[PDB]
Amino acid sequence: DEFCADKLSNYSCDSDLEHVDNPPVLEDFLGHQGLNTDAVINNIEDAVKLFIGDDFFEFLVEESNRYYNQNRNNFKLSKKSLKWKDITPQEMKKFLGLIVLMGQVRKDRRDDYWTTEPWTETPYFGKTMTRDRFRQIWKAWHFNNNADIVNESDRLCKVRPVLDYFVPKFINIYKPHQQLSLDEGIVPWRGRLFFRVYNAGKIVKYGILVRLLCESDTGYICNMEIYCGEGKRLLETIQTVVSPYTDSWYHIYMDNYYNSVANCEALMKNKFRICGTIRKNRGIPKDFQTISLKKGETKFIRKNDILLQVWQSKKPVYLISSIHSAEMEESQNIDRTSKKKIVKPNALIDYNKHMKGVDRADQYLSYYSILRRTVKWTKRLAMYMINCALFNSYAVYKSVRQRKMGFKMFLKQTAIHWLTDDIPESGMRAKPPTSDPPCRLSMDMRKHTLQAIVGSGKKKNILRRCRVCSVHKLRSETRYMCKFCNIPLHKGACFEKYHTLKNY
Amino acid sequence: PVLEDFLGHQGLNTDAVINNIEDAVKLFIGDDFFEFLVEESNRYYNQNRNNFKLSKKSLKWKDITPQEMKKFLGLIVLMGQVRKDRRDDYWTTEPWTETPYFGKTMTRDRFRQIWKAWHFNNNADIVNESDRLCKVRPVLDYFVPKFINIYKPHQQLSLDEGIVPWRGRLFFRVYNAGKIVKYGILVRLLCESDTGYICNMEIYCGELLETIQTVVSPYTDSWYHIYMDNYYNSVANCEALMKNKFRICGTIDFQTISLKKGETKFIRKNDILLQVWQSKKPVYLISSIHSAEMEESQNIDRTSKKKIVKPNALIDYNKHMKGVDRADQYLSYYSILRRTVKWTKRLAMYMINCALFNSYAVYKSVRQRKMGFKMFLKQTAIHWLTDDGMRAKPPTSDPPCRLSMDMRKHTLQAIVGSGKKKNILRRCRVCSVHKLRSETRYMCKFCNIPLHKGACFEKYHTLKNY
DNA sequence: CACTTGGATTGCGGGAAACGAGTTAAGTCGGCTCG
DNA sequence: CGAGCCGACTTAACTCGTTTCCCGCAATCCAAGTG
Ligand SMILES: [Zn+2]
Ligand SMILES: [Zn+2]
Ligand SMILES: [Zn+2]
Ligand SMILES: [Zn+2]
């Protein structure tokens, strides 16, 4: 349904590609920054504006008009109208707002929202933009220069400038809690880029590698990086991720598959503490590689302040930590045969608590279901990024002013706001008839108002012949005259026609 | 070596005039179904008339008549075309997510009063509830016999369980590790392997060969081939099933412990092949439908060779076992869904979807045209909502489009009354926000808001606050 | 023994849609006038 | 030498009371995701 011009969008891709004890750390520093914001919010609209706003729209509008012109030759297929260069920021808000709004009423195709079919009608869309205008903008929705990069068949730089817009805001609006975590999220949308072979764990993901750093209690996104490289940059996994957060003693909980003991020193150099799983083909002392435990038994070894522990489950469970002592404690778990509960290393219990109630932004991706089937690669990625920005706006809103809402309502209200244009810009002849004024076709409801006619004779409730009716040689009287220009007019259509039409 | 060919018949067993949607559906669902639902719904409500605390301003109860029940289902089915997340938000008056059609079909409270009464059994009259399913029993009874006598399946059949998801109080909470639903009602059913047509049913209910033989019962004495998964067959079952003239193929003599990769050995006894192949695990194959052979086939998956050599039995097994999912996978997520507390409603809804599915399969058998199930369902809802003096809604919030200054769109039209008189006035929206009752018969044609001439109309479009 | 959330499920009530009784505001048309 | 103002007559917008339901919130109790 769409065409590509640069041989990168939707190219070079295919289908179907889917020392025998352990002290706790005592040198636990809390010398960090406040868990707060750098901005003023009174309501939902103010919160949204910190991440998404008019400058976002200017960017989208400028690029959209440029793209269409460059490729205008295959629009020969035609359109009802061609003001395609005339997209302005106010139209683009409507374009985006309608897409977000669609998640509240979910239909199967984009083309079924703009319908006239009375059975499943949703009239608001029809009253906001026309069907063809939306499609024309859709084809023209584009995110980049399209003529600056000629040196390589990159297929990344195409969405790069969108990400560049949002990243500094995730960093400068809000700062996170002592505990952070890493993951790899993303939408199940049939994208076209496959690097599955380099994963270090996963959430169903499309297109490119995506790295998230999130606050452990709230789900706020602290950083994001995409397509870090094809496995070449996934080791030293967090070095490009937590860079702006160094020296803050954040504790990082992770489950990446490429951690190591050696890696832990790097984290200490940058003042981070970690907890996560460890692979066996790693710098694990050999004497701990050949062990046997009874179910529920643990073994602990340490070197320096790094604890390597094994708890025995169906699988031995390995955990590496630079935070906890090797102590056992009752967990909340109950065995099917025992109400006495199961005792586990405190580190494991703590680890699991901080890996949940996180990455809430990804949890809501199912909302934008319309973006799955027939979408160009770059549109899907840009939408992920917009959703992330809305999520962060919500989290801040809620954290600054405690109220109960939910992300779902935050989004509905935001869409209504964007879609609303609430910004304002004496003789025998009782009266000599006149010619039609030059202001006749000035379209303004603030000026062409209706008032009753007041006479000069004994009877003030005077009626006069309508000018429009005079044109057709009809005699019909009215009590009303246009106030702007003194022409007697009937109420209803004659007043509308006189001020609206070139003739009458 | 199957030497008896096939003694069945295929396709419609009835005079189904398949030239439209309506005549495909009525075979399974129709007016007598609704007569059943109405009779029980009116008895249920009145028999339990006390303890309702009906409020003062709601509508008074009126008994349910057949059209309302047809509307009732039609609206529920449409909710699958347009999805909203709360049952009562379909009646919202907010202009941006409005779906006005529902509002014009029946009111919110009427829908809630019918919903409550959508009952399936006269438990008040018959109290001999020894049967945990006695409350859905007549629903199950209504639909299954039709599946059997409308259409006959071709030679290859398969057996599996249907799924009705449910985390609340139920007959059982047993989960079979080889099944796809963690919890809910499991249904035992046969279907035709190519179309998914559902042929016969039983409900996992109450608490091997006794049920295998029972479900297949209407299909004995004709040489049907039945394909089975890990938990339905046995060697002994095969022997028994042969006595009723049908053949079995499926999965489930220690020598098989010996190992070989690539081509492997079989044990063959008494015309039953008991071959064991090896993949990640020993692959057991039992068959009374073909001779032993091993040959290549084109895999869907990428493989080391263009084609991979496998026991012929696996080649056929993995082509016929699709019938089970196409038979109802749609029905697990399309409408007639709830998070209700009545298990009876969830189960009854599953049964309704089976009937709609079978209607679709029949339709396609006759016509060469290809359309999905989804369109069959949408059109059905349209038909049921078609008719084989409602009050105007009050305003609740002022539309976001009122400030758009286009004098071609905003115009005064006279109100047209839905009641006895066409002329009827309404409260002026510009005056009632100051609690001044005053009445008018002119309205903005684009916005649907009542206004007075001039002084009110101008303010409503021009002023941010009025 | 859950954690968390929000959709069913339960009602209560501010307000106005509808109909008819009973007084007002704007229209039809004439036959005389000033352009 | 062209088309209207005062007056006497008809319809069409407005109060007011009164019954009857509209959907919008607001309060409890579990069923979905996965310790
Ligand atoms: Zn004017
Ligand atoms: Zn006129
Ligand atoms: Zn209007
Ligand atoms: Zn008014």
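Every read-out reported here was derived from the displayed coordinates using simple, explicitly stated rules and does not represent laboratory data. Every residue, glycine as well, gets a Cβ built from its backbone with ideal geometry; the counts of neighbours run over all protein chains shown.
What the table below lists for this structure:
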| read-out | value |
| --- | --- |
| Neighbourhood net charge (9 Å Cβ-Cβ; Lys/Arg +1, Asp/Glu -1) for B:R426 | +2 |
| Highest to lowest packing among A:378-390, A:52-64, scored as the average C-beta count within 10 Å | A:378-390, A:52-64 |
| Neighbour-count ranking [beta-carbon atoms within 10 angstrom, fewest first] of A:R279, A:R429 | A:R429, A:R279 |
| Extent along principal axes [Cα atoms of segment B:71-123; Å; largest to smallest] | 44, 21, 18 |
| Cα-derived Rg over Rh, computed across segment B:157-215 with Rh taken as Kirkwood radius | 0.98 |
| Translational diffusion coefficient (Stokes-Einstein; Kirkwood radius from C-alpha pairs) of segment B:1-70 at 37 °C, 0.692 mPa s, in µm²/s | 196 |
| Label-point separation in nm, A:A430 to A:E18, each point 7 Å along Cα→Cβ | 7.7 |
| Segments B:332-343, A:240-251, A:35-46 sorted - mean Cβ within 10 Å per residue, highest first | A:240-251, B:332-343, A:35-46 |
| Computed log₁₀ I(q)/I(0) - Debye formula, equal Cα scatterers, no solvent, segment B:393-466, q 0.11, 0.19 Å⁻¹ | -0.25, -0.77 |
| Distance between segment B:93-142 and segment A:96-113 - C-alpha centres, whole angstrom | 30 |
| Label-point separation, B:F52 to A:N172 (7 Å along Cα→Cβ), nm | 6.3 |
| Descending principal axes extents, chain A, alpha-carbon based, whole Å | 119, 53, 44 |
| Three semi-axes of the equivalent ellipsoid, segment B:137-326, Cα gyration tensor, whole Å, largest first | 31, 19, 17 |
| Computed Rg/Rh of segment A:93-210, alpha carbon atoms with Kirkwood Rh | 1.04 |
| Shielding by partners, peptide A:117-128 (average Cβ within 10 angstrom, other chains) | 6 |
| Using a Förster distance of 60 Å, the FRET efficiency for A:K7-A:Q289 (Cβ separation, nearest 0.05) | 0.75 |
| Equivalent-ellipsoid semi-axes of segment B:157-262, from the Cα gyration tensor, Å, largest first | 26, 20, 13 |
| Calculated FRET efficiency for the pair A:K202/A:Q402, C-beta based, R₀ 41 Å, to 0.05 | 0.75 |
| Residues whose placed amide H lies under 5 Å from that of B:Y224, excluding near-sequence neighbours | B:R247 |
| Euclidean distance between Cα centres, segment A:220-244 to segment A:341-381, Å | 17 |
| D_trans [Stokes-Einstein, Kirkwood Rh over alpha-carbon pairs] for segment A:257-327, 37 °C, 0.692 mPa s, µm² s⁻¹ | 260 |
| Computed magnitude of the charge dipole of segment A:135-192 (debye, nearest 20; Cβ of K, R +1, Cβ of D, E -1) | 340 |
| DSSP-loop chymotrypsin sites (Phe, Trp or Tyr not before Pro) across segment A:314-374, with at most 10 other Cβ within 10 angstrom | none |
| Local net charge near A:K269, Cβ-Cβ under 15 Å (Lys/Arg +1, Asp/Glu -1) | -3 |
| For the protein assembly as shown, fraction of C-alpha pairs farther apart than 48 Å, in % | 46 |
| Selected from B:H461, B:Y90, B:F120, residue furthest toward positive end of dipole (chain B; charges at beta carbon) | B:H461 |
| Calculated SAXS-style log₁₀ I(q)/I(0) at q = 0.22, 0.26 Å⁻¹ - segment B:84-157, Debye, Cα scatterers | -0.95, -1.15 |
| Per-residue average of Cβ from other chains inside 10 Å of B:404-413 | 4 |
| Mean Cβ count within 10 Å, highest first, over the residues of peptides A:287-295, B:304-312 | B:304-312, A:287-295 |
| Calculated P(r) tail over 15 Å for segment A:459-498, as whole % of Cα pairs | 34 |
| Residue order, fewest to most beta carbons within 10 Å, for B:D316, B:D325 | B:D325, B:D316 |
